[PDB]
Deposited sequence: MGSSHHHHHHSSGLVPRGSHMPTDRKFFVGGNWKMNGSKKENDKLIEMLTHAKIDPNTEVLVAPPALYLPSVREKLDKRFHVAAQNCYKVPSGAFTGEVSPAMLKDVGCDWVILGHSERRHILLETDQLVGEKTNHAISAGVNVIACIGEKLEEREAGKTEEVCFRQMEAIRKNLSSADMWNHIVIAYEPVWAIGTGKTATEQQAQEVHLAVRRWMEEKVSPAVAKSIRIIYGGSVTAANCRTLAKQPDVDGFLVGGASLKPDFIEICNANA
């Protein structure tokens, strides 16, 4: 499985700061076997995609579940493709828990994006009370099932990267991350197919820093990262190189 590192800029960006990050990525020494993605705020997606070499993916941080219509404030996968973007992050913990997105909506968006030619980083993860009640697997499997049930065909998994976010984190160890990634992969093996489970990337979306990335990368079922704050700093390059 090809190592996959996505930098989620979250609600951070400006012409000035984006220029700095683009120059950092353009001149950086990055392991050629790492797939690298960045996700700027929607306003800046067309410009970042125009300015970055195709070696880098550029992802939206959200999209909706139909190509057009009366949905003020929403953007569709067709618009992403229009501006050269072929990736989207869906179901991020902030969208589920702050902006109130349901499991079903994330699954509907995922199916629609892939149908429109956009690959999906599909995010899952449990909150603190859920982990403490022993429901990590119950919650993660429920979120995964809502995606599985909404896909139009089993080949769509070739266009998904699963991101596990330990929302509950209190600090998640590399052992705790590996434990969930393994459980999710075994779920994929049973509910989809061994072939998909073996090939699908499951990336870790907890706190990823220059200091902990190499230990996390060595876990056998951790295939990369969905990076938060470090994506805005030169440490992102070290994280991109965590598997090398």
Report the unmodelled segments of the deposited sequence as residue ranges counted from 1.
1-24, 194-197
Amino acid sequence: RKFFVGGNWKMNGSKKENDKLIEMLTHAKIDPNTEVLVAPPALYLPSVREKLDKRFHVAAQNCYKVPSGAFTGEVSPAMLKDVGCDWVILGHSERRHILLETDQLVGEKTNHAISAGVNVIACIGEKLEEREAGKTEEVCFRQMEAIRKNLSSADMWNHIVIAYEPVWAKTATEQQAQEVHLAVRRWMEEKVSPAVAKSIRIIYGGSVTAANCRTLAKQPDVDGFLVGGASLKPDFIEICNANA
From here on, numbers count along this sequence of modelled residues.
For the higher mean C-alpha B factor in the entry, choose 62-70 or 212-220.
212-220
Quick one: higher average CA temperature factor, 203-211 or 37-45?
203-211
Using only the C-alpha B-factors in the record, can you name which of 108, 126, 86, 155 has the highest?
155
If you rank the chain by CA B-factor, which third does residue 11 end up in: lowest, middle or highest?
lowest
Could you tell me which third, lowest, middle or highest, the C-alpha B-factor of residue 135 occupies within its chain?
middle
Position of residue 115 among the chain's modelled residues by C-alpha B-factor, lowest, middle or highest third:
middle
Temperature factor at the Cα of residue 25, chain-ranked in thirds, falls in the highest
Third of the chain's Cα B-factor distribution that residue 101 belongs to, per the entry:
lowest
